[PDB]
Amino acid sequence: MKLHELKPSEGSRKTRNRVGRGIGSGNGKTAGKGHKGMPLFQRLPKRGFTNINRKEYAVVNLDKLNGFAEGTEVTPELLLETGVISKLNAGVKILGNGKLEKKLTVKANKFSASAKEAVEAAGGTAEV
Amino acid sequence: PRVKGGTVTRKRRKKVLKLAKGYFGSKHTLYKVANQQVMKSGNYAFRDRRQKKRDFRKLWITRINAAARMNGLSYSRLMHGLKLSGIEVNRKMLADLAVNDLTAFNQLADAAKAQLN
Amino acid sequence: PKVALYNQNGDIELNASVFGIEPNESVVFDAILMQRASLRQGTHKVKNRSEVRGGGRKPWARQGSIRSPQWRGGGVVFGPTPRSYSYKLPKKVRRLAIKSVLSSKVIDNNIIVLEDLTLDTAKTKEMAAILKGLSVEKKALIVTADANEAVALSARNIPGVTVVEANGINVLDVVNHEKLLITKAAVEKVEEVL
RNA sequence: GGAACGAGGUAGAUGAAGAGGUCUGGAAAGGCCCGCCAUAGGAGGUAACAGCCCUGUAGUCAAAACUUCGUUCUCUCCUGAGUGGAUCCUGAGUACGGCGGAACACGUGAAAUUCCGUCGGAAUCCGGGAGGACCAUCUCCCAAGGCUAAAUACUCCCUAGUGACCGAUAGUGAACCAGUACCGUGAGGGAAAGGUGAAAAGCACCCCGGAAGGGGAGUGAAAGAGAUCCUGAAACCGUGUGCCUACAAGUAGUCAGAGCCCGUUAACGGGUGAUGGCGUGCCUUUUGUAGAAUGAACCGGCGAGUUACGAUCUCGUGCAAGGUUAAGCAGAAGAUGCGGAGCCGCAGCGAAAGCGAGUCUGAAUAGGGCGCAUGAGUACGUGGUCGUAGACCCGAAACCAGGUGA
RNA sequence: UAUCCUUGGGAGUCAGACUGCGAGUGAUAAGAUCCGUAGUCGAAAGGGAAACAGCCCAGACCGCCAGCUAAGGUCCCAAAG
RNA sequence: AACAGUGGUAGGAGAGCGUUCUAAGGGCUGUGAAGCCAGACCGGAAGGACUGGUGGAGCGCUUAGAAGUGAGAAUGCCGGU
RNA sequence: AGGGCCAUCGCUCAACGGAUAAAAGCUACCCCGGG
């Protein structure tokens, strides 16, 4: 690329609509604003309370183990390194949405009941 | 950056005050008043031109209506008789130019008179 | 990736996945603006209706203040504010642009590889004669991997030239000069960062 | 407690290479044609645009005297560790009790906590306090004595330097003998005003006149450059001269149109126009204007949708079930590296416990609510609105605090 | 004949006026008021009603010294018996 | 290429011209730049050129980019008449 | 302890889509935006 001919991308730039400069462009005199220019949420009652300590573990579609090399020593500190989980919080929960493939050692805080059998069917271990 | 922009208002205000050259009085030196007259000048020119097309047709009638009145025929018995007797789409302004002569203009009246009877 | 080798008086193969990429010239337009905006400084501070050493008394149309902006001294309701004109690209977009500007000059027979660029002293006469041998009439670039003081001090006066290290090449350096001399040892180190 | 040693600061010294040739010019720094130095083509001057014309810059070296930092001697002062386990202390109107207040994001409440007064009042290693009223359990920690640098905040100033800053209605109120001239008893308010030329070479003399101010002559490249003086616009005031004008009712124009008078970015030209037709100024505001509804004496300058931080939306770009770093450090106040703390997404429902491709509701495996099933975000950039900030400009009466005046 | 639904972005408007139909208030008084249907004006010039925001006729992209018609008209001002 | 269309305020969308500065190249200028004054030229508009006179040292083109961005109206302000 | 979640009470809020728990005239020589 040379520095003379810097053609931008089409539609990547736009000129500013400058408001109030002359009647020909539109927005001429009144500047696009025209001449002389209980709510609902204060009728809906509040909803119980909130818990001071909710424990939300990291959940991963059963389908996250379908893209891994071999079901062995699948510890959460390897889930967090490769980054299938973006952040370890309280615990790592496994969900039973999806189909499994081979056997893979799983180490999780909790387990769904439908998620428990699908690793127990492929040949994996569920160590909590 | 600050943009002064004093040099672009000289050239724009001159181009109005050239178009107002020849007007009476203070209406050809003052920008506040000449700009009110170049506007009403262009607006009057649009109407003048449109009225000029319907005027000259008003002129060509009153010469045909006199040149035919030498032979007893009025304009009505002429125009109406020239659209049935024969095929002569002679234009109002085109026929008025040939109305000056006795002979060429009367040659149509005689033909229309024969078709009128 | 088949540029020839030069050596003062007197062909190699570079990473084709670095120096032989098809360019993406949209990524070279926005990348230049991000490197040019930072250059500017933005130190223009104008005065306002409240920062003028002026009155607050209604003097006598209405005109409740003397230094209101429709008067003769003291205006600029909005004016230029000293801000920051430097935004950030995502990292791969910064990485893609340096590959695109280098690969473009491979095609145009513009890059020239040297072997280690050894000088005798910091003389400009010896450096000026070296430029004639390589026929670089307008601006150039000299990229050296170890920041030799000799070459750097011998090419700081000639107007079109500009010396710099290999860990500090960026977009407006290479896009501005249209000829560039690299030491062959520096060709490795640009591949390692990207 | 003192002297050495080194680095600076406050004054400076040194410093490379063309009268190149020729043209035009009042004058070469320009053109044309030829060289040179460069750790030095950053600047500023010079009769017009200098790399080699000066003053300078890079570089290396310098301060007797003052200081500002460090390095070093001298000087100055100087016990630590066990082991026991018999008695003492370990910081009192104090910790806490009541009343009344006040401050913590918290408005006296469910409410610790802190600090005031006001009244009472302890305990002291087997001891004491805390862990959001309170009580047991349990972990951490010793109150009521005092000291302490660094990393941080802002600058009237002082050198060195920058601008996608302004260039005389701007920029500070002030480029000029400016907080001055003036206004006010006073507190206070508060302007206007830049440019001869490369130099004074700033008009000897002669003429008119009382002098001003002229007309010649001289200087000068230019006197149309002669002291408020570069350039010199428009309003306004005039003097010449082509064509109309003393029976004519007119938002003053436009279209038709002779007649005379001129020759042009040569073109279906230019300037006037006797006479005929049509024709209720401009902006604002209103159901609506010619209005007697509002505004402008005219000319010239100045004079109104901005920027931060958020929110959302479209387009472009990068990567994509994964994208992205912040502060900070190394870097010409720059790009770029490096930083994986954090954020958004990848699956929800429920008040929550919770369970989960479903889950709440309910005797319910019913019905229904929501949700997948049918899945694309994210980071930057432009742009469109909405927020919060004086928020688009201009425009009150009053209010409070601190002051000046019989 | 070619429109209208859905989501999404941006709005403006919220005392309308009079002319042709049956009322109400009023005195079937009012360029009065308030209704409802249609029109025009609002935001629409051109032709006609002597002049006329709303009535009758018709919708202006711009040129032309072209033609045919609409309402209304044809002694003269003023085109046409 | 044939058919259809083009009144218009609030308001929505799209395409453009100018001004100062900055970056890249390319190039006018003392044999006369900006500015100022005329003129019967060119473009659908905002606007561009070209000769002539004054002027006596700077300016412009192409592609981009940033805005203190474009005046006839404020019982606007300052100057001049 | 206290709150959530269901059953249930207290409103003439009567200026009934409910400005706060709480609230009168007054004065013109009147201050001021408007006919």
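Anything mentioned here points back to the structure above.
Residues numbered from 1 in each chain as written, not as in the entry; some residues may be left out. Chains lettered and ligands numbered in written order. Part of a larger assembly, values for the part shown. Heavy atoms only, no water. Residues with missing side-chain atoms left out of burial classes, pairs and counts.

A. Fine view of the sheet that holds strand β4 (residues 110-111) of chain A. Residues and elements named next belong to chain A. If you walk across this open sheet you meet the three strands as β1-β2-β4, and the pairing is parallel. Taken across any chain shown, the strands that pair with only one partner, and hence form the sheet edges, are β1 (58-60) and β4. As defined by bridge partners, β1 adjoins strand β2 (residues 92-94) across three bridges and the pair is classed as parallel. Note that in β2 the partner of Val-59 across the bridge is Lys-93. (Pairing = 2+ DSSP bridges. Helix = DSSP H or I, 4+ residues; strand = E, 2+ residues; numbered from the N terminus.)

B. A look at the sheet that holds strand β5 (residues 180-183) of chain C. One open sheet accounts for five strands, arranged β1-β2-β5-β3-β4 (chain C); its pairing is parallel. Among the strands making up the open sheet, the edge pair consists of β1 (5-6) and β4 (163-165) of chain C.

C. Just the protein's contact with RNA strand F, in detail. The environment of RNA strand F is made up of 44 residues, and the closest members are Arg12(B), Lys14(B), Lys21(B), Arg36(C) and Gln70(C). In RNA strand F, atoms within 4 Å of the protein come from the sugar-phosphate backbone in 69% of cases. Here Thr9(B) contributes a side-chain N or O atom positioned 3.0 Å from a phosphate oxygen of RNA strand F. One nitrogen or oxygen atom from the side chain of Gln70(C) is found 2.3 Å from a sugar or linking oxygen belonging to RNA strand F. Listing elements by their share of the surface near RNA strand F, those giving two or more residues are α1 (8-19) and α2 (31-67) of chain B. For the surface near RNA strand F, the leading source of residues is α1(B), giving seven residues. When grouped by side-chain class, the residues that make up the surface near RNA strand F number 11 nonpolar, 12 polar and 21 charged. (Near = heavy atom within 4 Å. Polar contact = N/O pair within 3.5 Å; in protein donor to acceptor, adjacent residues only side chain to side chain. Nonpolar A, V, L, I, M, F, W, Y, C, P; charged D, E, K, R; others polar.)

D. Highlighting the interface of chain A and chain C. If you look at the interface, chain A gives seven residues, while chain C gives nine residues. Together, the buried faces of chain A and chain C total about 790 Å²; carbon and sulfur atoms form 66% of this surface. A per-residue breakdown of the area chain A buries against chain C is headed by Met1(A), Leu3(A) and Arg13(A), which together make up 60% of the total. At the junction of chain A and chain C, the tally comes to zero salt bridges. The interface formed by chain A and chain C includes zero residue pairs in polar contact. Within the side of chain A that touches chain C, the residues separate by chemical class into four nonpolar, one polar and two charged. (Contact = heavy atoms within 4.5 Å. Buried area = accessible area lost by both parts, 1.4 Å probe. Salt bridge = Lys/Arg side-chain N within 4 Å of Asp/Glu carboxyl O.)

E. Representation of a nonpolar patch on the surface within the structure. Judged by side-chain polarity, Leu40(A), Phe41(A) and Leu44(A) come together as a nonpolar surface patch covering roughly 370 Å² of accessible area. Structurally, the position occupied by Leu40(A) is in the segment before β1. (Patch = residues over 30% accessible without salt bridge, like charges linked within 9 Å, V, L, I, M, F, W, Y side chains within 5 Å. Areas by Shrake-Rupley, 256 points an atom, 1.4 Å probe, with all protein chains shown as cover.)

F. View of the arrangement of the chains. Considering only C-alpha positions, the minimal separation of the non-contacting chain A and chain B is 15 Å. With no contact formed, the shortest span from any C-alpha in chain B to any C-alpha in chain C equals 8 Å.

G. Structural context of empty space enclosed by the protein. What the largest cavity holds in volume is close to 130 Å³. Forming the walls of the largest cavity are 13 residues, and the residues nearest its centre are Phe19(C), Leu102(C), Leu180(C), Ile182(C) and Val190(C). Going through the elements one at a time, β2 (111-114), β5 and α7 (186-193) of chain C are the ones with two or more residues in the lining of the largest cavity. Sorting elements by how many residues they give to the lining of the largest cavity places α7(C) first, with three residues. Broken down by class, the residue content of the lining of the largest cavity amounts to 13 nonpolar, no polar and no charged. Considering only enclosed or pocket space, the second largest cavity measures out at about 110 Å³ in volume. Taken together, 14 residues form the lining of the second largest cavity, with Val60(A), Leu65(A), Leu79(A), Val92(A) and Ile94(A) sitting closest to its centre. Of the residues assigned to the lining of the second largest cavity, the class counts are 11 nonpolar, no polar and three charged. (1 Å grid on protein atoms, 1.4 Å probe; cavity = no way out; pocket = protein on both sides within 12 Å on 5 of 7 lines; lining within 4 Å. Points joined across faces, edges and corners; volume = space filled by probe spheres on them.)

H. Inspection of the packing of aromatic side chains at higher detail. Here the structure, examined in full by the defined rule, presents two aromatic pairs over all chains. When the centroid spacing of 6.2 Å and the interplanar angle of 25° are considered together, the rings of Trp60(C) and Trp71(C) count as stacked. A cation over an aromatic ring shows up here: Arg13(B) above the ring of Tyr31(B), its NZ or CZ 5.1 Å from the ring centre. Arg40(C) extends its terminal NZ or CZ atom over the ring of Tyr85(C), reaching a point 3.9 Å from the ring centre. (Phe/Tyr/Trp six-rings, centres within 6.5 Å; stacked < 30°, edge-to-face > 60°. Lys NZ or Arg CZ within 6 Å of the ring centre and 35° of its normal.)

I. Representation of the protein's contact with RNA strand E. All names here are of chain B. Lining the immediate environment of RNA strand E, one finds 23 residues, of which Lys-53, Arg-57, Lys-83, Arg-91 and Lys-92 sit closest. The sugar-phosphate backbone supplies 91% of the atoms of RNA strand E found within 4 Å of the protein. Between RNA strand E and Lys-83 there is a distance of 3.0 Å, counted from a phosphate oxygen to a side-chain nitrogen or oxygen. The set of elements that each furnish at least two residues to the surface near RNA strand E consists of α2 and α4 (92-95). Of the residues in the surface near RNA strand E, the class split is six nonpolar, five polar and 12 charged.

J. Structural detail: the pairing of β2(C). Residue and element names in this part refer to chain C. Here β2 shows two buried faces, one formed by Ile-111 and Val-113 and the other by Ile-112 and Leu-114. Pairing of β1 with β2, which is carried by two bridges, proceeds in the parallel orientation. Paired with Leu-5 across the strands is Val-113, a residue of β2. Here four bridges tie β2 to β5, and the two strands are oriented parallel to one another. By the bridge assignment for β5, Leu-114 is matched with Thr-183. (Buried < 20%, exposed > 50% of the residue type's maximum accessible area, 1.4 Å probe, protein only.)

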